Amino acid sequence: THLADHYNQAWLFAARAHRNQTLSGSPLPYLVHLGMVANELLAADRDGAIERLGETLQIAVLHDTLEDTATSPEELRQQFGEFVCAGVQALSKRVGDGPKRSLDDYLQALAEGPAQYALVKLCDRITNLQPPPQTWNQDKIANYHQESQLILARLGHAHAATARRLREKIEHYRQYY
């Protein structure tokens, strides 16, 4: 199955799953975020080849479906397979409000699991170090910069080129507070 057909399947599923959803505080669709995370992942493969690239790209597109949508793990396993479902679960803090995992346990499990899932989190965090919403106070931007530093420390092992990019984005983000 062609890489672009893997993307399309996950992309249409995500566009449906996130249909009511914007970027926080923006009229723009949440799909804007997912497009950037998937692109970072496919660009990462050019600077260090990824095993199971097609499934990893689907995980990049689908990584918010269990947290933010009516999507179930059984739906992901049946349509995309165990490796994709497990990736989305690994990247989910909470499956809706429910029993939220702490950042320590969440990053540890990503560090000890398949490297492709940790790489998707690196790409997600690179995407989230765009300039912050105008609404964010100094303390909120500082907190986010700090949590970014922990993500690089705990998950940067997963892909050297992507870790270098995330380090550069973290250094850049400092100017915003």
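One-based numbering along the sequence shown.
- In this entry, 128 to 136 shows the higher mean Cα temperature factor of the pair 29 to 37 and 128 to 136.
- A summary of the deposited B-factors shows that, of 62 to 70 and 114 to 122, the stretch with the larger mean C-alpha value is 62 to 70.
- Sorting 143, 56, 108, 149 by the CA temperature factor given in the entry leaves 143 at the top.
- Ranked by Cα temperature factor within the chain, residue 84 sits in the lowest third according to the deposited record.
- In the deposited entry, the Cα temperature factor of residue 15 places it in the middle third of its chain's modelled residues.
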